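Asker: Chains as they are written, first to last, in the authors' numbering: chain B, 24 to 31, 810 to 913; chain A, 1 to 188, 197 to 493.
Quick reminder that beta carbons are idealized off the backbone N, C-alpha and C, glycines included.
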Amino acid sequence: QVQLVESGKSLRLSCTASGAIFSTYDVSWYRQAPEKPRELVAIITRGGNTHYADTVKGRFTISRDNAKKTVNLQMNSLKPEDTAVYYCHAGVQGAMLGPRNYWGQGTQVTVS
Amino acid sequence: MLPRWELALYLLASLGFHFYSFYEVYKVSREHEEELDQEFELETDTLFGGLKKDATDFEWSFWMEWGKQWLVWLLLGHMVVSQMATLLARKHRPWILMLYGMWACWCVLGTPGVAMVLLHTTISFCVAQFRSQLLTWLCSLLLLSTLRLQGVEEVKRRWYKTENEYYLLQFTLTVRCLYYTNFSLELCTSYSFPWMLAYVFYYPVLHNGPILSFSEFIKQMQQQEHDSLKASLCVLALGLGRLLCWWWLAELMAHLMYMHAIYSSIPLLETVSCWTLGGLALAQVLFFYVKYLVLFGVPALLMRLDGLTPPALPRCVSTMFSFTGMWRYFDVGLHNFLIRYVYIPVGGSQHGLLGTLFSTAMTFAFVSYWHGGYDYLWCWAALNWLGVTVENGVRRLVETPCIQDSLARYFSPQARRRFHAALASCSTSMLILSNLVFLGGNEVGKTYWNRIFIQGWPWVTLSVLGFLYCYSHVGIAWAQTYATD
Ligand code: HEM
Ligand SMILES: CC(C)CCC[C@@H](C)[C@H]1CC[C@H]2[C@@H]3CC=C4C[C@@H](O)CC[C@]4(C)[C@H]3CC[C@]12C
Ligand SMILES: Cc1cccc([C@H]2c3ccsc3CCN2C(=O)CNCC(C)C)n1
Ligand SMILES: CCCCCCCCCCCCCCCC(=O)O
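Right, here's the structure in full:
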């Protein structure tokens, strides 16, 4: 049972999987502002390929280190909108790997 | 249709590059053994000398684990109970089998999950009472979506100490979706809640088994004739021998080739020799075929021993050269289901070309959604849709009397066979790409597309197409037997 726990001028977020083969998971970072649906922010696949939501391109950086089984979202130049709840999501891509999908608990982010 | 020497040469070339590419894959796996072990924790066993297994595959490791744990014993029990019912009193065999299926489902899932299957079946039955195909399809789709919801996933996870039990429940319910959808559509004395419970809780195909059409189930189970016990024993012995051989082959490919590990670490996949790339593609599709040979031969074996007639098992995917052919033969049960339902009701190809292009599109949309609906599944289904539609269009164009007459006038049939193989080379070159996208995910497909076609446009593409040309000649020469009738 993979468990993703979040953590955390600029604010650095994290999603540190445990008890999981992290070399294959395509982690992601969904954010849910109040009274709105959960929406994709930054997805980093298992080949290093990175994709960003249009609204937060360039400002946000997403990186990972398979050695420590960690992910980190770097948000820069925050605005009043960014306040929301950020959810990790570690899902595989490929019928060999299977239907693994472990949404994280989520964390709060606030500005103004 | 060809001189024996030409067909022999084609076959020798085909086996040649299969075995050579497998040799390349084996060498690459040997070279990177330590890194893969430190990365994906290759398993250790004494089955084949000192080799270390690569269990990064999910379906294979999962199903073997369960088979050791409970499923094999419960299948033996089902065999024994079926024989006992047939001997003592066959009059009540269907209900005895239903009770055994309920008990086995309880044993491997407890009340939390037997209740879920019962609730799904009952809701489908009630919706079927309304007698409206749209209503039944909507009920089935909504139940499947509930299976895919998040809160539902969390509540289900709560009940099971080990995650593997939750995934077993997920697969069981995903297949029950098809089973009770089939029954409900058929409904829209034979059709009563007792019969639907008998069909749904049929242990051989409960968890992950061939989709057995209710027509065959009701007809053969209601039958009043059976073979002797000696014949049943002989069939069991032969089937068990073949299953053991297939499992041994699956283990051989799991040990020799770390194909799954190579596909998990994309960085490795993008820096190996192109021969290794083709070898990995073929090894992947062939391991998938062997896996769904072993998993579908056990339910098929049991239903054969029960007198039922299961859908024909998949045919070796090294002789499949088309989207439609290997949509018809590899997965026979799902193909029959998709044709009889899903496709025909929408209209199919009998009403205008647009009718064909939308019936096929809807069929493939449902097929993609059923497997789970992830992004890579949608990409694989879109590829298959384009391939099937293009192939059907080409076949229709060729079948036109003017085109046929022109072809006869200009090209000799011996020549037209070469043209058929030339087209099949491209069709298969996209057939393997779609399967790779389904198996390894979008990244593997993109790596293959960049490395083979674009980055290797000058000569790598031509080499791949020539090898697939020999492959297609062998495949068509073999398939000339069964495809005609
Ligand atoms: C171009 C090379 C190949 C050709 C022409 C070929 C052809 C065939 C044919 C005609 C059959 C029987 C027809 C059928 O089962 O539908 C068959 C069966 C089979 N093939 Fe292949 N095959 C090739 C390569 C491979 C490879 C490399 C494997 C690796 C596992 C393989 C695995 C199997 C298996 C497991 C069976 C079923 C055996 C049985 O249970 O009787 N094939 N093949
Ligand atoms: C769909 C499911 C139920 C298919 C189950 C397939 C059966 C036939 C498989 C699943 C696990 C397998 C076992 C796994 C491990 C071993 C140990 C080995 O030293 C001998 C073979 C043996 C004993 C296998 C025999 C075949 C087996 C029981
Ligand atoms: C393009 C295509 C069409 C039909 C079937 C397949 C097979 C096949 C074969 C060799 S590699 C491959 C990959 C994908 N695939 C399936 O997922 C089969 N579905 C299992 C259900 C029916 C129980 N491919
Ligand atoms: C994406 C489709 C790939 C299908 C590959 C099928 C296997 C054909 C064999 C290819 C061998 C390599 C071809 C020569 C390459 C080289 O010499 O560099």
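1. Going straight from the alpha carbon of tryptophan 486/A to that of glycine 333/A, what length do you get?
2. Helix, strand or coil for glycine 333/A per DSSP?
3. So, does the stretch 218 to 225 of chain A touch the stretch 77 to 90 of chain A, judging by three or more C-beta pairs under 8 Å?
4. Could you compute how far the alpha carbon of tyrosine 418/A sits from the alpha carbon of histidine 428/A?
5. Just to check, is the beta-carbon of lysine 454/A closer than 7 Å to a non-hydrogen atom of ligand 2?
6. What are the start and end residues of the alpha helix (DSSP H) that includes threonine 846/B?
7. Check whether the Cβ of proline 900/B lies closer than 8 Å to any Cβ atom in chain A.
8. Under 8 Å, with one C-beta from each stretch per pair, do the stretch 884 to 900 of chain B and the stretch 382 to 391 of chain A reach the 3-pair mark?
9. Do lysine 299/A and ligand 2 come close, with the Cβ less than 7 Å from some heavy atom?
10. I'd like to know whether the C-beta of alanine 896/B is nearer than 8 Å to at least one C-beta of chain A.
11. Looking at the secondary structure, which residues open and close the alpha helix (DSSP H) in which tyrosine 179/A lies?
12. Note down, in chain order, every chain B residue with its Cβ under 8 Å from the Cβ of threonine 56/A.
13. If I'm right that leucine 316/A touches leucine 301/A with Cβ under 8 Å, what's the distance once you round it to whole angstroms?
14. Report the residue from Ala308/A, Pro3/A, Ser281/A and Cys478/A whose alpha carbon sits nearest the alpha carbon of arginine 250/A.
15. State the beta-bridge partners of residue 297/B as determined by DSSP.
16. Let me make sure I understand the geometry here. Which of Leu134/A, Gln232/A, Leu12/A and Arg158/A has the alpha-carbon closest to that of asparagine 182/A?
17. Can you list, in chain order, the residues of its chain with a C-beta nearer than 7 Å to that of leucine 15/A? Leave out the 5 residues immediately preceding and following it.
18. Compute the minimum distance between the beta carbon of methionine 64/A and the heavy atoms of ligand 2, and state whether it is under 7 Å.
19. In the stretch 859 to 890 of chain B, which residues sit with their C-beta less than 9 Å from some C-beta in chain A, listed in chain order?
20. Under the rule that 16 or more other beta-carbon atoms within 10 Å means buried, what is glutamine 292/A, buried or exposed?
21. How about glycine 474/A: is its C-beta nearer than 8 Å to some C-beta of chain B?
22. Nearest chain B C-beta to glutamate 259/A closer than 8 Å, yes or no?
23. So is the beta-carbon of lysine 68/A under 7 Å away from any non-hydrogen atom of ligand 6?
24. Measure the C-alpha to C-alpha separation of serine 433/A and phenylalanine 475/A and round it to an integer number of angstroms.
25. Could you please tell me which residues of the stretch 828 to 857 of chain B, in chain order, have their CB closer than 8 Å to any CB of chain A?
26. With 8 Å as the threshold, decide whether the Cβ of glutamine 26/B is near any Cβ in chain A.
27. At what residue ranges does the stretch 286 to 317 of chain A contain a whole run of the beta strand (DSSP E), taking only runs of 3 or more?
28. So which residues of chain B does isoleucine 274/A contact, with C-beta pairs closer than 9 Å?
29. At the level of alpha carbons, what is the spacing between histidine 18/A and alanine 416/A?
30. For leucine 394/A and chain B, any beta-carbon pair shorter than 8 Å?
31. Looking at the C-beta of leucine 303/A, does it have a partner C-beta in chain B at a distance below 8 Å?
32. Hey, could you find the ends of the beta strand (DSSP E) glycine 892/B is sitting in?
33. What residues match up with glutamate 154/A in a beta bridge as DSSP calls it?
34. Step through the CB atoms of chain B and report whether any lies within less than 8 Å of the CB of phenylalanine 40/A.
35. Ignore the nearest five residues each way along the sequence and tell me which others in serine 815/B's own chain have a CB closer than 8 Å to its CB.
36. Compare the Cα-Cα distances from residue 191/A to each of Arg426/A, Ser330/A, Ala269/A and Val468/A and report the closest residue.
Answerer: Once the coordinates are examined:
1. Indexing the second sequence from 1 puts residue 486/A at position 478. Indexing the second sequence from 1 puts residue 333/A at position 325. One Cα belongs to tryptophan 486/A, the other to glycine 333/A, and the distance between them is close to 13 Å.
2. The sequence position of residue 333/A within the second sequence is 325, counting from 1. Helix at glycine 333/A.
3. No, the stretch 218 to 225 of chain A is not in contact with the stretch 77 to 90 of chain A.
4. Reading the second sequence from its first residue, position 410 is the one you call residue 418/A. Reading the second sequence from its first residue, position 420 is the one you call residue 428/A. Each residue's alpha carbon lies about 15 Å from the other.
5. Counted from its first residue, the second sequence places residue 454/A at position 446. A distance criterion of 7 Å places the beta-carbon of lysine 454/A beyond contact range of ligand 2, judged by its closest non-hydrogen atom.
6. Walking along the first sequence from the start, residue 846/B turns up at place 45. Counting along the chain, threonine 846/B sits inside no alpha helix (DSSP H), nor does DSSP assign it H or E at all.
7. Taking the first sequence and counting its residues from 1, the one referred to as residue 900/B is at position 99. Under the Cβ distance rule, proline 900/B counts among the residues neighbouring chain A, one pair being separated by less than 8 Å.
8. These segments touch.
9. Stepping through the second sequence from its first residue, residue 299/A is reached at position 291. Taking non-hydrogen atoms of ligand 2 into account, the C-beta of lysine 299/A is found less than 7 Å away from none of them.
10. Translated into the one-based positions of the first sequence, residue 896/B becomes position 95. Chain A, which has a Cβ nearer than 8 Å to the Cβ of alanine 896/B, makes this yes.
11. The count along the second sequence starts at 1 and reaches residue 179/A at position 179. From DSSP, the alpha helix (DSSP H) with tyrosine 179/A extends over 163 to 187.
12. Within the second sequence, residue 56/A is the residue found at index 56, counting from 1. The answer, in chain order, is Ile822, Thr825, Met897 and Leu898.
13. Position 308 of the second sequence, counted from the first residue, corresponds to residue 316/A. Position 293 of the second sequence, counted from the first residue, corresponds to residue 301/A. Their Cβ separation, rounded to whole angstroms, is 19 Å, which puts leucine 316/A and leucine 301/A out of contact at 8 Å.
14. Indexing the second sequence from 1 puts residue 250/A at position 242. Selection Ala308/A, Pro3/A, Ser281/A and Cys478/A evaluated against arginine 250/A yields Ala308/A as nearest (Cα-Cα).
15. Within chain B, residue numbering steps from 31 directly to 810, and residue 297/B belongs to the interval with no atoms modelled.
16. Locating residue 182/A in the second sequence gives position 182, where the first residue counts as 1. Checked all of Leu134/A, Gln232/A, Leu12/A and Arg158/A; the closest Cα to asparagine 182/A is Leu134/A.
17. On the second sequence, residue 15/A is found 15 positions in, with the first residue counted as 1. Result list for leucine 15/A: empty, nothing under 7 Å.
18. The residue given as residue 64/A occupies position 64 in the second sequence. Taking non-hydrogen atoms of ligand 2 into account, the C-beta of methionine 64/A is found less than 7 Å away from one of them.
19. Here the close residues are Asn867.
20. On the second sequence, position 284 is the one that residue 292/A refers to. The residue in question, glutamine 292/A, is buried, as its Cβ has 16 or more Cβ neighbours within 10 Å.
21. For the purposes of this step, residue 474/A is taken as the residue at position 466 of the second sequence. So, not an interface residue.
22. For the purposes of this step, residue 259/A is identified with residue 251 of the second sequence, where counting begins at 1. Answer no: the Cβ-Cβ gap between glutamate 259/A and chain B never drops below 8 Å.
23. Ligand 6 is not part of the structure shown, which contains ligand 1, ligand 2, ligand 3 and ligand 4 as its ligands.
24. Within the second sequence, residue 433/A is the residue found at index 425, counting from 1. Within the second sequence, residue 475/A is the residue found at index 467, counting from 1. Approximately 8 Å between the Cα atoms of the pair.
25. For the stretch 828 to 857 of chain B, the set of residues with a beta-carbon nearer than 8 Å to any beta-carbon of chain A comprises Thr846, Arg847, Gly848, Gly849 and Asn850, in chain order.
26. The residue given as residue 26/B occupies position 3 in the first sequence. With respect to chain A, the C-beta atom of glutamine 26/B has no partner C-beta closer than 8 Å.
27. Complete beta strand (DSSP E) runs here, min 3: none at all.
28. For the purposes of this step, residue 274/A is taken as the residue at position 266 of the second sequence. In chain order: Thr846, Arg847, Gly848, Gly849 and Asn850.
29. Locating residue 18/A in the second sequence gives position 18, counting from the first residue. Locating residue 416/A in the second sequence gives position 408, counting from the first residue. Between the alpha carbons of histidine 18/A and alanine 416/A lies a gap of roughly 35 Å.
30. Position 386 of the second sequence, counted from the start, is the residue given in the question as residue 394/A. Not an interface residue.
31. Along the second sequence, one-based indexing puts residue 303/A at 295. Chain B, which has no Cβ nearer than 8 Å to the Cβ of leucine 303/A, makes this no.
32. Your numbering for residue 892/B matches position 91 in the first sequence. Taken as a continuous stretch (DSSP letters only), the beta strand (DSSP E) holding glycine 892/B covers 885 to 892.
33. Here residue 154/A refers to the residue found at position 154 when the second sequence is read from its first residue. As computed with DSSP, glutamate 154/A is found in no beta bridge at all.
34. Counting from 1 along the second sequence, the entry for residue 40/A is found at position 40. Taking Cβ atoms only, chain B reaches closer than 8 Å to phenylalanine 40/A, which makes this a yes.
35. As a position in the first sequence, residue 815/B is number 14, starting the count at 1. The answer, listed in chain order, is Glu29, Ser30, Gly31, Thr871, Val872, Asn873 and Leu874.
36. Between 188 and 197 the numbering of chain A has a gap, and residue 191/A falls inside it, with no coordinates.
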